[PDB]
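**Q** Chains Y and B, in that order, give the protein sequences. Take any residue in the first sequence, note its place counting from 1, add 1100, and you have its number in my numbering. Take any residue in the second sequence, note its place counting from 1, add 370, and you have its number in my numbering. Each residue gets a CB set at the ideal place from its N, CA and C atoms; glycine is no exception.
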Amino acid sequence: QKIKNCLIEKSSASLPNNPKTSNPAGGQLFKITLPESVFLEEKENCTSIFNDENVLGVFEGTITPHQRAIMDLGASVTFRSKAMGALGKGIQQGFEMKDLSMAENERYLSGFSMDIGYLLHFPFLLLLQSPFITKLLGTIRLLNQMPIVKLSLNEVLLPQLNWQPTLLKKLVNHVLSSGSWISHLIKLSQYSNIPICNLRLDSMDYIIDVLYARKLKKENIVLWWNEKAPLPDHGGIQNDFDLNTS
Amino acid sequence: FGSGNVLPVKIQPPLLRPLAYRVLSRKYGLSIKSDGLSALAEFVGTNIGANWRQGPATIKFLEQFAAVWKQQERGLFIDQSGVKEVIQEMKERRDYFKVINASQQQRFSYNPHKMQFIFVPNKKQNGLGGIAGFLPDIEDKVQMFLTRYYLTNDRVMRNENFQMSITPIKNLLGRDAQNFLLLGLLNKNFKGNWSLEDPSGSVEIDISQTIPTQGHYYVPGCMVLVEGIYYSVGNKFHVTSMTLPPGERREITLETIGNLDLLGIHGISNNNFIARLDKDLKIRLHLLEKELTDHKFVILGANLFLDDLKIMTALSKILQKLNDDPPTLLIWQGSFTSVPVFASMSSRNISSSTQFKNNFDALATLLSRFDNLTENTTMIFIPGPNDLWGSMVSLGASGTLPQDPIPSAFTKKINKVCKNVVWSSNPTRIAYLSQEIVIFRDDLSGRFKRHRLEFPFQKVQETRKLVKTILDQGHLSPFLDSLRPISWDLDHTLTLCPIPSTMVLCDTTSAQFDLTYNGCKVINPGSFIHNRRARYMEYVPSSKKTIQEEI
């Protein structure tokens, strides 16, 4: 077609193995890379390669730019620009990262020295401790622009009689555990290579997911990564009833 | 029947029963019971003043009481309801519209030997069903596809063009030549070869030199008309032509079935007798067009997400305009959640079922503002793939076609904030006067595109193809039990032998359209939000529609 300013290339990535899809046929998998803005533009028109006849599947449409950068670069990102001195140009505009990127060693992330705050609900690197993160974030729009470490302990309960002492006790430990929270967060982050604020403490499957995904990307295997969905992303064949899967 | 007399003197029925007996039991009617006789004493005593020697009054009262029993079927014995019919009599001196779910729809079998529909008693009414009464019996699994084949073959054999005729497959076991017209299920044998199956038997099919009739879809699990030659050296029917059974309009279909009240709003039918009615249809067609264009019911764009904030804001802006002119009916359709809700083993966060409950509590806040829309509008709730009970098993996939309504436990006070709200199954039938509309929500175009026969050899054409296949096959599920399981005893819900007058067929994978075919109208709402635009369409029972957008 040549109409799109993208990069396509025939690839041999190892596909997943859905029980229904078993016929070998041939191999003509492709590796189309294309910026998301013109992808949204191409969503509009009827005729385009991504939506035409004889399309078997799209296999990694679920992964967001956030996940791509947190998996590729990591916490310790550095600039290998050289060429023309566009550091000022890079900082005034948005630094495009595809052309120039490198991931430096993160053996020591930070020698911590910074102020910490609180914000709690019982229905600057601030720590958000609320049952409803989304509601508090939406109600105060100014809360979005500040960096927050979101640690959520939820479902407060009351005996309905003499609740003042139990409120005091529930407040005391949350007041006094700040030194432990930050210490454990840094301890996990220094090995994890995920940035501190994106990472959560109780979240443990996320570490496994990122590590397994990036060590898979070291190989040619396809991720089948799927976001906030209980089923794997197999290209759309996963949306049909099958006896073996059942 | 009149008032203002002196006072209601009390008299014993012994001095009243002879007149009632002579008027009712002797001439027309019978069985004036003792309790019923005592009941008929009060109203005749209401105007008792200067009577039992008067002229017409008592005779006319008995005549009027007989009028109800000729009008209503009732029975023989007269019971304490005798006052209940006089309440109707004094009553004599919109409505008739209903929404029928999948479960409450009447069941009808078909006898091929008799060319007629036989009633099936509902197990809920007579069976105890205290512990397990919804569960089918194994015999339905054996007749599920036989019923489809009988209905389609009757229609094929009553077509005008056919009078070569369709031959049973086993009649081909000794022939070495000639031509045959075979009708049956297209599927794959357990060996992996394409085959055709009819109640008589089965045969393998060769597609190597087949020329299909373009204009529709050839998916496994549907009836197909085929033509070719049978070779006895092996067992193969070499195909030379392929088509689909022709469709039939409902006006010519009704006459064959008489005037059966399938979606009976005129009355109900039992194992004894059936119901038919013709004269009322003319007058109610008159009433449909009797300057009732004010009626206005609206189907929203499918797949609207409550958890998203922008969708909620757009819905508030839309209800802002809907408040001005309240729709007659408002159908909220599509999945109400953007993520399937399952057991959610992790309890650190709030449970997904509690989140489902909470997302149905913001609707009350957003709806309580607009009082008129509450006061004079009826809302119809359609489920979706990611609702509560189904997603607990399918995990967002599409499974059984008869999908039960949303549980009343997690949605309780939306019935209070709004006046008329009805929860309905995934396939439902709106009976509006002399009109039947079918509500169905699934992605049909994707499944058609994925599963095609692929014969070895502008986008709106696909919409016409989909409409023609769905309408000619006379069934909403032209698929085998493998692709989509079906509740065995509820399959009649999905069979369109009489073509509906108006069809609601929403598919997010297919662009919106407005097509007409043999006696029906097919509309496609879909994709509530698209290209930063929120769309919703209006339709009027006078066969005009409108599209209204609100960024």
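For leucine 542 (chain B) and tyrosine 600 (chain B), what's the separation of their Cα atoms in angstroms?
**A** 7 Å
**Q** Return no unless some Cβ of chain Y is closer than 7 Å to the Cβ of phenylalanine 712 (chain B).
**A** yes
**Q** At a CB-CB cut-off below 9 Å, which residues of chain Y make contact with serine 768 (chain B)?
**A** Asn1339, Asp1340, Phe1341
**Q** For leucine 1225 (chain Y) versus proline 1247 (chain Y), is the C-beta distance shorter than 7 Å?
**A** yes
**Q** Which one of Y:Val1177, Y:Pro1116, Y:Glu1136 has the shortest CA to CA distance from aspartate 1333 (chain Y)?
**A** Residue nearest to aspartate 1333 (chain Y) within the set Y:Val1177, Y:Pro1116, Y:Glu1136 is Y:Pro1116 (criterion: CA-CA distance).
**Q** What does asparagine 557 (chain B) touch in chain Y if you count any residue whose Cβ is under 8 Å from its own?
**A** The contacting residues do not exist; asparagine 557 (chain B) stays about 15 Å from chain Y at best.
**Q** How long is the line joining the alpha carbons of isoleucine 669 (chain B) and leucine 386 (chain B), rounded to whole angstroms?
**A** The alpha-carbon atoms of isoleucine 669 (chain B) and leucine 386 (chain B) are separated by roughly 59 Å.
**Q** How is the beta strand (DSSP E) around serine 572 (chain B) delimited, first residue to last?
**A** 571–576
**Q** For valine 874 (chain B) and chain Y, any beta-carbon pair shorter than 7 Å?
**A** With its beta carbon at least 7 Å from every one in chain Y, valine 874 (chain B) lies outside the interface.
**Q** Let me check one thing: in DSSP terms, what residues is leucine 885 (chain B) bridge-paired to?
**A** B:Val892
**Q** Kindly indicate which three-state DSSP category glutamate 567 (chain B) falls into: helix, strand or coil?
**A** strand
**Q** In the DSSP assignment, find the beta strand (DSSP E) that holds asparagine 531 (chain B) and state where it starts and stops.
**A** Counting along the chain, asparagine 531 (chain B) falls outside any beta strand (DSSP E), and DSSP gives it neither H nor E.
**Q** Using a C-beta to C-beta distance shorter than 8 Å, which residues of chain B count as neighbours of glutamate 1144 (chain Y)?
**A** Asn901
**Q** So what's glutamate 1160 (chain Y) in DSSP terms, helix, strand or just coil?
**A** coil
**Q** Rounded to whole angstroms, what's the CA-CA distance from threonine 683 (chain B) to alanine 732 (chain B)? Just pull it up for me.
**A** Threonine 683 (chain B) and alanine 732 (chain B): Cα-Cα distance of roughly 12 Å.
**Q** By Cβ distance, which residues of its chain are closer than 7 Å to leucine 630 (chain B), with the 5 residues on each side in sequence left out?
**A** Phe487, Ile644, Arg646
**Q** Taking C-alpha atoms, which residue in Y:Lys1235, Y:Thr1121, Y:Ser1230 lies nearest to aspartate 1342 (chain Y)?
**A** Taking each of Y:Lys1235, Y:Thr1121, Y:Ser1230 in turn and checking the Cα distance to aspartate 1342 (chain Y), the smallest one comes out for Y:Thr1121.
**Q** Under the rule that 16 or more other beta-carbon atoms within 10 Å means buried, what is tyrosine 398 (chain B), buried or exposed?
**A** exposed
**Q** Less than 6 Å between C-beta atoms, sequence neighbours within five positions excluded: which residues of the same chain meet that for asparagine 375 (chain B)?
**A** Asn417, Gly419
**Q** For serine 815 (chain B), report the span of its alpha helix (DSSP H) as first-last.
**A** 814–820
**Q** Which residues of chain A have a Cβ atom closer than 9 Å to the Cβ of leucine 853 (chain B), listed in chain order?
**A** Of the protein chains in the structure, Y and B, none is chain A.
**Q** So, helix, strand or coil for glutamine 1229 (chain Y), using DSSP?
**A** The answer is strand: DSSP assigns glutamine 1229 (chain Y) an E or B state.
**Q** For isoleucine 784 (chain B), I'd like the list of residues in its chain whose CB is within less than 7 Å of its CB, leaving aside the five on either flank, ordered along the chain.
**A** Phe730, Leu733, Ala734, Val791
**Q** Quick one: what's got a C-beta closer than 6 Å to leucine 866 (chain B)'s C-beta in the same chain, skipping five residues either side?
**A** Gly844
**Q** What's the gap between the Cα of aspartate 1215 (chain Y) and the Cα of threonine 748 (chain B)?
**A** 56 Å
**Q** Can you pull the chain Y residues whose beta carbon is under 8 Å from the beta carbon of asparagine 719 (chain B), in chain order?
**A** Result: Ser1252, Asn1254.
**Q** Among Y:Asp1172, Y:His1284, Y:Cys1106, which residue has its Cα nearest to the Cα of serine 1137 (chain Y)?
**A** Y:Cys1106
**Q** Hey, out of B:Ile577, B:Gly628, B:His665, B:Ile501, whose CA is closest to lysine 606 (chain B)'s CA?
**A** B:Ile577
**Q** What are the residues in the stretch 1303–1329 of chain Y lying within 8 Å of chain B by C-beta distance?
**A** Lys1328, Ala1329
**Q** Does the beta-carbon distance from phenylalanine 447 (chain B) to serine 401 (chain B) come in below 7 Å?
**A** yes
**Q** Mapping DSSP to helix, strand and coil, what is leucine 614 (chain B)?
**A** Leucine 614 (chain B): coil per DSSP, three-state reduction.
**Q** Looking at the secondary structure, which residues open and close the alpha helix (DSSP H) in which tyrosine 391 (chain B) lies?
**A** Taken as a continuous stretch (DSSP letters only), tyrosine 391 (chain B) belongs to no alpha helix (DSSP H), as it is neither H nor E.
**Q** Sort B:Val837, B:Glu920, B:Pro911 by Cα distance to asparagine 894 (chain B) and report the nearest one.
**A** B:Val837
**Q** Against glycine 1238 (chain Y), what residues of chain B qualify as contacts under a CB-to-CB distance less than 8 Å, listed in chain order?
**A** Ordered by position in chain B, the residues that pass the 8 Å Cβ test against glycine 1238 (chain Y) are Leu679.
**Q** Look up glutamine 918 (chain B) in the DSSP assignment and give the residues it is bridged to.
**A** Bridge partners of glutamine 918 (chain B) according to DSSP: B:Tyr906.
**Q** Hey, quick one: how far does the alpha helix (DSSP H) through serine 722 (chain B) stretch, first residue to last?
**A** Start and end: 722–729.
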